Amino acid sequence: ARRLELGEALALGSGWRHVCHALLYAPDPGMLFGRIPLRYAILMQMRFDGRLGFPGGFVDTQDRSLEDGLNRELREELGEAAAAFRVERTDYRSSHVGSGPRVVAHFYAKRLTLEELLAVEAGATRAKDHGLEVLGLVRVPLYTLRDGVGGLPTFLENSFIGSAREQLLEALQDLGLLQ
C-alpha cells in the first residue's frame, strides 16, 4: 500500500471512500509468569473473515469529520465503554491506499487507562457487531518468550487484514517496543 499525506487523502474525489481504524492501548505494569513485563495492553480483533485487524470502519456521508466517523464505528464495534473516550486528530498516525477499490485507510492510536481498556474488553460482547463482523477482541503479546519464537514473533505470523500488520509494527516502533 502507498502512504499518503492527510491533505492529499482529504483532497480525493467523492468516489473515494474513507475507512478509519484505531489501535487502543494502555500501560500495564503486569508480569506474565511473574517475570515477563507485559508493558502495554494493546487491542486487536478477530474479524468475520478470519483475519486480525483493528476496530473501526467506513466514514459515511453524514460524518462531519474523519474522527466523528471513527468514533461512531468504534462504538458500534466495541460497545458503550468506547463512549468513555474520543479518538481525535491528535491521535492520527497515517493514511494508506492499497490496490483495487477506491478506499483510503486512516490509522490512529489512542492511549487509555488500563481500567478504560478493560472496560472495553468487558463490554464488547454487547456490541452491535459482536458475533457478526467482530468474532472477539485479543491483546497483542509484546514480549518474546525464551524459545525466541513464542509471543510477538508468532503473533505476527497470523493472518492480518490489509495494512494492519504494518500499522501495528509502526505503532510498536513509535512506542519504543522494537529497540
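Numbering starts at 1 and follows the sequence shown.
Look at the mean CA B-factor for 67-75 and for 87-95 in the entry; the higher one is 87-95. Between 50-58 and 33-41, the higher mean Cα B-factor belongs to 33-41.
Ranking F155, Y25, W16, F160 by Cα temperature factor from the entry places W16 first. When the C-alpha B-factors of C20, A171, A164, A11 are read from the PDB record, the largest value belongs to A11. Sort the modelled residues of the chain by CA B factor and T144 lands in the highest third. Sorting the modelled residues of the chain by their CA temperature factor places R126 in the highest third.
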